[PDB]
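Residue-level structure breakdown
As a plain string of letters, each chain reads:
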4 protein chains.
Amino acid sequence: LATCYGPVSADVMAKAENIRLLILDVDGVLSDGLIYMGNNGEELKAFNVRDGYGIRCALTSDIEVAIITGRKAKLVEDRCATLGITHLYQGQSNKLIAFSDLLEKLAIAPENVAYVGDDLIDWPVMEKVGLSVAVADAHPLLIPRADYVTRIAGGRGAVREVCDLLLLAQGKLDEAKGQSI
Amino acid sequence: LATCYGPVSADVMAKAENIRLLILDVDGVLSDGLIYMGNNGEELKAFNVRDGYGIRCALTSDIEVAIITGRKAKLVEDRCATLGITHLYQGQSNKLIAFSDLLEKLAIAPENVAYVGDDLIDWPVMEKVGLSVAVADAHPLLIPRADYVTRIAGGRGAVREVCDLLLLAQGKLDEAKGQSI
Amino acid sequence: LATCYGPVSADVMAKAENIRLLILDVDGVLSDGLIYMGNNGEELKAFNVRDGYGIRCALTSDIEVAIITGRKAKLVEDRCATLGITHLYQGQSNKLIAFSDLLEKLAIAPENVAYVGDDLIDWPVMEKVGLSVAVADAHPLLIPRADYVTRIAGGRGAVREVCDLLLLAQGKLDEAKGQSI
Amino acid sequence: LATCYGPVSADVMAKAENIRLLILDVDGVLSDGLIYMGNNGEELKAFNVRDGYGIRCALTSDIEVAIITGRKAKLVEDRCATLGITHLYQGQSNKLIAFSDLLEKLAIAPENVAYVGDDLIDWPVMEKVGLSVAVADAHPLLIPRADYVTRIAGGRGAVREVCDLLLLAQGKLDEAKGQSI
Ligand SMILES: [Ca+2]
Ligand SMILES: [Ca+2]
Ligand SMILES: [Ca+2]
Ligand SMILES: [Ca+2]
Ligand SMILES: [Cl-]
Ligand SMILES: [Cl-]
Ligand SMILES: [Cl-]
Ligand SMILES: [Cl-]
């Protein structure tokens with residue numbers, strides 16, 4: 001029950017131990033929620049390298065990683081390519097559609113899935129999964145619903161915190177390896 | 001009186017109950033006040049997806065949304081397109097003009113209007129509306145003048161907080177649906 | 001001695017009363033110190049509209065505004081054009097050179113000048129002026145040398161805070177007009 | 001043992017006195033860890049001018065500066081050119097390679113090297129050097145391993161803090177000269 005971010009319940013650790021697939025929202029989870037827009041139609045989004053390391057650890061220690069996001073941008077495809085994420089659903093605000101598709105294709109039971117969200121749109125999927133996670137600065141109405149609330153804010157390493165938790169629960173943390181990219 | 005951001009007064013809830021139009025400043029309200037400028041004349045501004053969700057909820061819950069801003073940029077037109085906002089006034093440093101235009105165009109009384117601002121230039125309109133709001137980190141001189149002061153800072157979900165308040169006051173918060181974009 | 005940011009000394013108010021010229025550093029004063037750089041050689045810098053409003057008030061209330069910075073970028077020329085700043089010195093790491101030119105050009109005594117800095121490179125000039133200001137989050141070694149330390153951090157409205165102070169000290173605050181740009 | 005960021009140990013100051021080479025990570029040390037990505041494959045990273053000043057002081061006070069990073073970007077080359085850094089290793093998955101090359105090329109012993117990191121990938125090099133530094137907001141598992149934990153966060157002047165410490169320890173702080181760029 002001890003972790004480098006502080007104590008976790010036995011129940012959260014047991015849920016984390018079973019995790020075969022980690023699903024992430026983007027905006028407000030992998031980022032602090034900001035969308036950068038320019039006069040020539042440019043768009044930027046900011047990701048955190050500390051999360052990149054966690055995702056690389058997950059992917060090289062037998063935990064699959066997927067993304068389901070309401071927005072759609074080529075930059076997100078590029079981020080996934082950097083990190084080796086091969087399951088990406090964009091443009092999807094009815095996330096249960098993507099959820100159903102993903103689990104059918106991978107043959108994974110919902111109880112072996114974790115989901116990290118930050119807003120109410122995430123809840124229908126979070127309700128179904130083995131380990132639901134809200135980031136520290138998630139919408140107030142989402143926070144009390146999740147199995148685990150991260151210590152770290154969205155875009156600041158909430159995703160690394162979840163990666164670290166899964167790895168720890170599975171006895172993979174000490175020997176995990178990643179790239180901080 | 002209890003909200004997910006903390007208690008509010010009966011007077012504020014009563015004001016919020018009657019709101020048919022939400023008017024928003026941009027810089028310092030929908031953003032944290034920063035203007036990104038480049039050597040080739042590029043310009044960026046950052047918006048928050050959490051505010052996007054609130055605006056989508058409002059617009060699909062019979063609450064119109066308008067924007068009045070002192071600056072002018074194509075990127076702001078683009079953001080409004082994303083969110084389905086059809087009332088945008090840019091390059092406006094006498095805000096009473098756009099305000100009067102909206103009252104006429106939407107056949108609406110000032111008491112049915114809310115305004116979210118962050119600086120002194122917003123007060124002439126805020127003075128007239130049914131629910132005036134200053135964001136948590138508005139200019140110190142503006143804060144004591146508003147009906148309601150948000151808990152959340154400009155660009156970090158102050159607008160969502162206001163959307164949430166209107167929907168709650170109007171008994172629409174539970175069934176409200178949007179896209180976090 | 002009261003201000004909207006907190007009490008100030010009689011001595012600081014008296015110094016502020018006499019200011020005919022406001023000199024500002026850029027990086028860490030008008031911004032939070034960040035330089036955005038891209039792979040195509042793009043460069044961005046972020047300014048705060050809250051400071052834009054203060055600068056506009058100063059300029060239209062018989063207080064000249066000048067900028068002395070160690071870096072050089074076209075975007076800074078563009079920012080100055082937005083705000084109507086006509087006294088700009090870039091690529092200047094010996095700031096006394098630019099300081100001397102300014103005083104000579106404008107025929108103004110040092111005691112009638114305020115300077116807002118955030119690092120040790122600003123001290124030679126700050127040492128000579130009537131009102132030296134360090135931003136709240138200036139380098140620790142600079143802070144104790146300044147006449148006034150702002151409550152607000154660089155890039156977050158420290159410059160607005162100084163503009164407000166000068167205008168208050170000179171009985172111009174209530175009637176000052178600017179644009180939030 | 002007093003510093004402008006607070007007291008340090010006799011041991012840390014003695015280690016700092018012997019430093020002839022300062023090695024820095026980029027993401028999360030020279031920046032706050034964020035990677036900005038756009039739809040046309042643009043990339044931005046943000047550096048802090050306060051760090052630039054410290055690096056300029058180090059380089060002109062007989063302290064070499066090198067950078068070892070896991071990512072690779074032309075913008076980092078450009079940043080190094082601005083600051084006069086001539087020792088840069090990018091795309092480095094095993095940071096010990098660059099470290100060995102540096103000891104070789106510069107004919108310096110590991111006890112005369114400082115290293116500033118923020119994540120677990122930095123530890124293999126940090127383990128070997130004379131002064132290991134973790135930034136204030138480094139990964140929680142790195143923090144207790146370092147000789148010195150900075151007060152300032154990555155991207156906010158943690159590097160400046162380390163530059164100031166080395167200069168102070170070597171009796172070079174008072175007379176050090178730089179450019180805040
Ligand atoms: Ca989200
Ligand atoms: Ca504003
Ligand atoms: Ca500066
Ligand atoms: Ca790093
Ligand atoms: Cl979403
Ligand atoms: Cl405005
Ligand atoms: Cl400078
Ligand atoms: Cl790295």
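Structure determination for this PDB entry was carried out by X-ray crystallography, with a resolution of 1.85 Å recorded in the header.

**Considering the overall build of chain A**
A tally of regular secondary structure across chain A gives six helices and eight strands. In chain A, the order of α-helices and β-strands from amino to carboxyl end is α-β-β-β-α-β-α-β-α-β-α-β-β-α. Against the compact-globule benchmark of 16 Å for 181 residues, chain A has a radius of gyration of 15 Å, which places it among compact chains. Projected onto the principal axes, the alpha-carbon positions of chain A cover approximately 50 × 35 × 30 Å. Sequence separation of at least 24 residues holds for 58% of the intrachain contacts in chain A that already meet a minimum separation of 6.

**Comments concerning the coordination of the calcium ion (ligand 1)**
Residues and elements named next belong to chain A. Around the calcium ion (ligand 1), the protein supplies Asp25 (OD), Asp27 (O) and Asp118 (OD) as donor atoms, at distances of 2.2 to 2.3 Å. Expressed as a motif, the donor residue spacing for the calcium ion (ligand 1) is D-x1-D-x90-D. In this pair, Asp25 is assigned in the loop between strand 1 (21–24) and strand 2 (34–38) and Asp118 in the loop between strand 6 (113–117) and helix 5 (123–128), connecting sequence segments 93 residues apart.

**Quick look at the sheet that holds strand 3 (residues 43–48) of chain D**
Here we have eight strands rolled up into a closed barrel, ordered 2(A)-3(A)-2(D)-3(D)-2(C)-3(C)-2(B)-3(B), and antiparallel in their pairing. Within this sheet the neighbouring strands show an average axis-to-axis angle of 30°, counted without direction. One ladder, built from five bridges, connects strand 2 (residues 34–38) of chain B with strand 3 (residues 43–48) of chain C; its direction is antiparallel. Its bridge partner being in strand 3 of chain C, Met37 of chain B is matched across the sheet by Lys45 of chain C. On top of the sheet, helix 2 (residues 49–59) of chain B reaches strand 2 of chain A together with strand 3 (43–48) of chain B; it is set at about 65° to strand 3 of chain B, its chief contact. Lying on the sheet, helix 2 (residues 49–59) of chain D is in contact with strand 2 (34–38) of chain C together with strand 3 of chain D; it crosses strand 3 of chain D at an angle near 65°.

**Description of unusual backbone geometry**
In most cases, non-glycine residues show a negative phi, while peptide bonds are predominantly trans. Its identity as a non-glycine residue notwithstanding, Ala107 of chain B has a phi of 50°, on the positive side. Phi is positive for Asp62 of chain C, which is not a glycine, with a value near 65°. When you line up the elements, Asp62 of chain C lands in the loop between helix 2 (49–59) and strand 4 (64–68). The exposure class of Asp62 of chain C is exposed, given its relative accessible area of 56%.

**Here's the deal with the interface of chain C and chain D**
Facing the 24 residues of chain C at the interface are 28 residues of chain D. Across the interface of chain C and chain D, roughly 2,200 Å² is buried in total on both sides, 53% from carbon and sulfur atoms. Here chain C and chain D share four salt bridges between them. We note a salt bridge from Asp118 of chain C to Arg50 of chain D, for which the minimum N-O separation is 2.9 Å. If you look at where chain C meets chain D, you find 14 residue pairs in polar contact. Considering each element in turn, the side of chain C that touches chain D owes the most residues, five residues, to strand 2 of chain C. By residue class, the composition of the side of chain C that touches chain D is 10 nonpolar, seven polar and seven charged.

Reading guide: rules and limits
- Along each chain, residues carry numbers from 1 upward in sequence order, and these need not match the entry's numbering; residues missing coordinates do not appear.
- Chains carry letters and ligands carry numbers; both start at the beginning, A for chains and 1 for ligands, and go up in the order they are written.
- As a rule here, side-chain values cover all heavy atoms of the structure and leave hydrogens and water aside.
- Residues with missing side-chain atoms are left out of burial classes, side-chain pairs and their counts.
- Numbering goes from the N terminus for both helices and strands, where a helix is a DSSP run of H or I of at least four residues and a strand is a run of E of at least two.
- Every radius of gyration here is taken over C-alpha atoms, with the globule rule written as 2.2 Å times N^0.38, N being the number of residues.
- Note on contacts: a residue pair is in contact if any heavy atoms of the two residues lie within 4.5 Å.
- Metal donors: N, O and S atoms at distances within 2.8 Å, or within 3.2 Å for Na, K and Ca, with water omitted from the atom set so that some sites may seem incomplete.
- Paired strands, in this sense, are two strands between which DSSP finds at least two bridges.
- Angles here are taken between N-to-C directions and fall from 0 to 180 degrees, while the axes themselves are lines fitted to C-alpha atoms, restricted in helices to the stretch in contact.
- Whether a residue is buried, partly exposed or exposed follows from its accessible area with a 1.4 Å probe, protein chains only, as a fraction of its type maximum: under 20%, in between, or over 50%, in that order.
- Accessible area, probed at 1.4 Å, shrinks when two parts are joined; the buried area is that loss added up over both.
- Here, a salt bridge means any side-chain nitrogen of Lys or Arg that lies within 4 Å of a carboxyl oxygen of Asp or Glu.
- Two N or O atoms form a polar contact when they lie within 3.5 Å of each other; inside protein one atom must be a possible hydrogen donor and the other a possible acceptor, and for residues adjacent in sequence the pair counts only when both atoms belong to side chains.
- In this classification, the charged set is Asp, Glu, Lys and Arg, the nonpolar set is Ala, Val, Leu, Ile, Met, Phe, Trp, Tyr, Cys and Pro, and all remaining amino acids, among them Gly, are polar.

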